[PDB]
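Supplied in structure tokens, the structure appears directly below.
Chains: A, B, C, D, E, F, G, H, I, J and K, in written order; residue numbering restarts at 1 for each.
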């Protein structure tokens, strides 16, 4: 990430709460769990943003 | 020497297009045409609707909001195979050099 | 009638003493207060806004490392010192390395090494605090005038404003008189022990001790062009690899970590004035100076026609939108709710006095019918149209939902929910005081417990109570466990 | 009279343009540009090679 | 070596007097047969295909209704009759309808009413059977030769056609002798209980009785253009709403219901030849005439170099690929294995004895290294190629995996798993007899039980075993509970 | 613009006899993504409108008699009739659906000998 | 059970435009791609034009490209063909072919219309 | 025919995947779950029946579960 | 799929005869009857289970009936 | 870090929804599930400890649950 | 969030120093100290619970420590 590179366990890497794409060099990747970064606020039940 | 990208996670993000389609309190679930799109992150919630909202039935309606999602600065998760790995050992003799 | 459809709307239908009733105004929903021969006005606490804010303390999330300098020391000559260590904006750290003739030292051993990095921080958190000097609650009051566009309209009503400097105010309703309104803005919410931290553009509302106990560098927030960070080591990492030298890393941006830390804290609007949209206000309503519109009007004598079919508000109250279609313009409307297969009258109006102000405009009636089948006559005589609407549910269901609503109100408002709709008296006040003491102890010894641990402790306590052979305390443990379970199942909205 | 519809549910479908992509072991999931289209139904699987 | 990479292969290694070993082919996995002095070859039942299929019964899937004719009698006398009733093409039904002076009948009362429509069927479902005479099995055999392009190459192989009339066809391998196949094709998927459901160009191998028990109307089964259909009453739904009259409505198209009623059947490709692809075959391998090429060749003394990096397969084979660099082409490749610089030779060549047949023709070797460090020496002298390897695993893990594989085979194959790779023996005969008897009884008991009902009944029966203490525990639990859970966790193949 | 060439132009056969019609393509009509071959066979009965007999190379269409069966893999496809009846008079136009400007063949003719 | 009936066919002099109409019944029209096909007397079947499920997408045969126009009035459940600059060669029996009910091709023919005759001559 | 006679457990068993295996493995379980969530009172009735017929902690549970499996799927 | 959830017993009941009320009445019973005629061994298994899980005669009868009604209904 | 010690339980409850309510709750509970599924031997260790320290079933269960909740959280 | 479940104990130990070793260790231990100093009544609650569930001093101490470690971490 960024410029620094670490060395992590395989299961630890696979078990992270972040969206992931297959990493197959596609110009536009497909994120599997996009809800882990986006919050859907709803204030006193009239609309959500 | 060479690395393959097993799976990319990502940290930042951006929400581009936001669209909402509500539904009347008892007519059922709410559906948006872009829900089936893979890069739209949708979520269903409940709201209350009435004649103030132009609905005609007083109750708890269904509301869904879809936001187009593209992600910035991803993590790469590169994996190395034993195909090309190079250990390097340096050996020095006690030559008594200056 | 305004705010008919709001989930949290609840009637306050009892006046006492000099025609005054207490009521706790909350941002969630409105109050449909009723009285005998008084207009049935609706009250919302619209918004609480803070005009001026002071910067109590700035935390910060990002950062940058500008100048990096290291001065090592020989293995036994002692500690390592850099001239910029005493500078307040240089984050230094001492470590040990091994030195020898390869390093030109002359003694083989473990030396001392210190690295100092100049630190300035980008995009800080602000941590603004509001004082009661200038705080402005805003209450909008709407009368059940039976207007054509009144059904759910959120942008028509009389506005009253309540500063802690001048709490008492008067709402001059257009034709129904002036609504005396006596509130307590200073005690609605504990604005003293709360700081409105503003990072990026979003502003939350957090506890004071929680804000002060955070692992981030802070400056005093005194509007200095260059602030002084107290704990700069909480953002900067000093890596040392197999003990030969150390380097300095600024360790990213804590913006996402803050967004994770901030779960359970209500968000606030920050654009323009930092208007808040959470919290409640306690008020006393004095409705002695309330006339009723058109008490001297005559009774209408022509057939009506429906415009929109009758529909049920989720509190079992029917909105009826009728068109007069009669030649005597201001004469009021007769409304009689004839019960099933009989002349019995077990239902009542909620709109205090329905009057057709103009022939053209359709006025909208409010009725709360009996639980069973009921025909609500809304005309004068034999030509009176008969609206038939059938209500589902019984009195027991209404009692259960009222009990649940009261339980949630007590859970959210605490001891304050004891005087919502209070008519006075000694029973209510005594109950309020007793519950205040009990809740004080309860919150004091359950403070800071997540909902998972709350429900776990509740089940553990009720199991302890079930297995105790001391009835006097076995019942008490079971009661405490039940209350703890109910709260833990509700705490987070 | 004057009935308002709110749901159309299908019975007779028709599958067109079947496309496949495959990748080596430990090289990520297969990605296909047609995934980000409403009309496309796409299912992953595992193959040996 | 067309067997490498499938992930379903399983190595048969035994041999007996007259060198015959019987193995079982399942259309999914490819067998590998190693021996002391016989070249290890691999076998895969490619495709089982039948020909000249007869049509046993024809099923209608949808209908069209025309010529609705009705007739009623006067009430309280006779019963409605219609000449069209006796016609085979017409579906009819009798109901009672109220009649009176309004309907023209003299006397009031219920009267019979018969409606006859024309059932002209459409979209038939043919059900085809196959006799054992025309069933044909094709078998592909390849010896491990170390050719350049022979790693999992599905195309190149030797084909032997096996039919029940002549089931002892022997393959003639080039330069390797003749591998003799003497197999019984009568056993396998019993094709006396198979009806092929050719329904809109998709076939299936369903059970015979289940096909006969399909409620859909069935035809005679002969080849005609206007076949008469029996049991037409259940695909047209007569509706007598109220009592004035009855209508006639065709039910609809049963294709979607059929597809979900076939949710457990096995699909087979039906285009031209009805080439079934699911099934299994038991075959004996008579390897008496079979020889290995170049046993008498001299050894190679030159440099060996990898041309493709060694990569372990799923089952532990590593697939070494090397190319000779010497001048003596018709030569034998040496081999050596050392664990920790000790010549324990704890390895094995799944290839018999790889030999170079041309100077610079690449050859590929399939070796099985031990479970720890394994230095592999190919050439001789100081230029010996040294392939370091490390098979990650444990010996007990391999035994557990082999036991699981055998259990899966015993779950799929009824009892022929006891003959899979069974090198003669008397113990295996007793095992097969016992398993045959007990499995026949067990399947007669658990005929047609659900994927989840098997698990539920197994749990219940193992609980019963753990309860009873009259030495019924030992047989009930072990014999039914564990077996039934294991089966019900596997049945949905 | 794949042009379809049919081998027979007139097929006079007695009833109760087989018949083989060939429709040879100028290019393999095998769609790569799915591996299917899009070749269709229509029959316009005299004084009628064309029907659809085999909606693929060998998967016959609904309502078609039992005897109509096709074959062919890349360019040499066949239409096999097992036993010719008196209704088989018509024009067996083959077609390729692989490419958008789809083109029919000239179409053979079948008559009773 | 589906019924495709032609309309609009009549005599016409060369150069005079004509609009053909294909009335549809027996199925939901808006979900089906439709085609126009013609058979000149004594000549092989020749496909003319195709309109897909979405109204905007259309294609024409190059021999007739730039001379015809195909339109879909799916609200009325009918198909429209606009023939312009007709040639004495452009005389044939014209058909209206539905999309395939079952299969893989986005465009195929399964049911053919009754057929209309248009004659371009002087 | 009607989707009430599937070829689930009877007959042959092979190594190849049977038609619509993964889609229909949990079909009846999903049906039972959705029926139970749509009609909750029968859970109360089944509890009553089990607790008032032949009660012993194994029988009282097996009868309840068996009835809760019978009624929805039988429908 | 869809056939597993018939619109039976939902609650709206009227004088007018419903759809397929004559044929779709005994459909579920005939399914179980055909299944029982086709698979006889599970009858013996159910008899054994009812005998060894039921201490009372009524318990045995109820267990046997429910076992017969649950497995064909399940599949 | 700051992500530890969320603003939960500070006694500022209000009618309006807070920040990241449902997501925060279920992430806090699901961290333990993911960690416990990742490393299964500590279940055996915790069972051993809570069995050799606990003298009654209630104490054993309480200690086992508390260990299984401490470890993924202290890690 | 991701800050939960750090990469600790994955069995990848090496001679070289890891990422944020001392800071990570002492922050993980100091979170509990800060939370326990912030809210002191839960000490009384935990003492009560661990005293009325524990029957021996060892069990009481263990349960008290485990509660005091669970709560700041589960929060």
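Here is the rule we go by: a contact is a pair of C-beta atoms (placed from the backbone, for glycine too) under 8 Å apart; a residue touches a chain by one contact, two chains touch by 3 or more.
K.L.:
Thinking of C-K, which of E-I, E-H or C-J forms a repeat of its interface, with over half the contact pairs identical?
P.N.:
E-I
K.L.:
So which one's got more C-beta contacts, C-K or A-K?
P.N.:
C-K
K.L.:
Taking the mean of the C-alpha atoms as each chain's centre, how many Å separate chain A from chain B?
P.N.:
4
K.L.:
Measuring centre to centre with CA averages, how many angstrom lie between chain A and chain H?
P.N.:
A distance of 38 Å separates the two centres.
K.L.:
Indicate the whole-number Å distance between the mean C-alpha point of chain F and the mean C-alpha point of chain H.
P.N.:
About 51 Å separates the centre of chain F from that of chain H.
K.L.:
Could you work out how far the Cα centre of chain B sits from that of chain C, in whole Å?
P.N.:
For chain B versus chain C, the centre distance works out to 31 Å.
K.L.:
Mind pulling the residue numbers of chain H that touch at least two other chains?
P.N.:
Residues 2-6, 8-10, 27-28, 58, 62 of chain H touch two or more partner chains.
K.L.:
Residues of chain F touching 2+ other chains?
P.N.:
If we look for residues of chain F contacting two or more partner chains, we find 34.
K.L.:
Where does chain B touch two or more other chains at once, residue-wise?
P.N.:
As it turns out, chain B has residues touching two or more other chains at 5-7, 11, 38-39, 48, 60.
K.L.:
In their shared complex, at which residues does chain C touch chain J?
P.N.:
Residue list for chain C touching chain J: 8, 26-29, 194, 204-207, 210, 213-216, 254, 256-267, 277-280, 411-412, 443, 447-452, 460, 463, 467, 491-493.
K.L.:
Would you tell me which residues of chain A are touching chain J in their complex?
P.N.:
Going through chain A, the ones touching chain J are 11-12, 15, 17, 39, 41-44.
K.L.:
Would you mind writing out the residues of chain D in touch with chain E in their complex?
P.N.:
Counting only chain D, the residues touching chain E are 11, 48-49.
K.L.:
Report the residues of chain I in contact with chain E in the complex, numbered from low to high.
P.N.:
Per the touch definition, chain I meets chain E at residues 1-3, 15-17, 19-20, 22-23, 34-35, 38-42, 44-45, 49, 52-53, 70-71, 74-75.
K.L.:
Flag every residue of chain F that touches chain E in the complex, lowest number first.
P.N.:
Where chain F meets chain E, its residues are 58-60, 62-63, 65-66, 69, 71.
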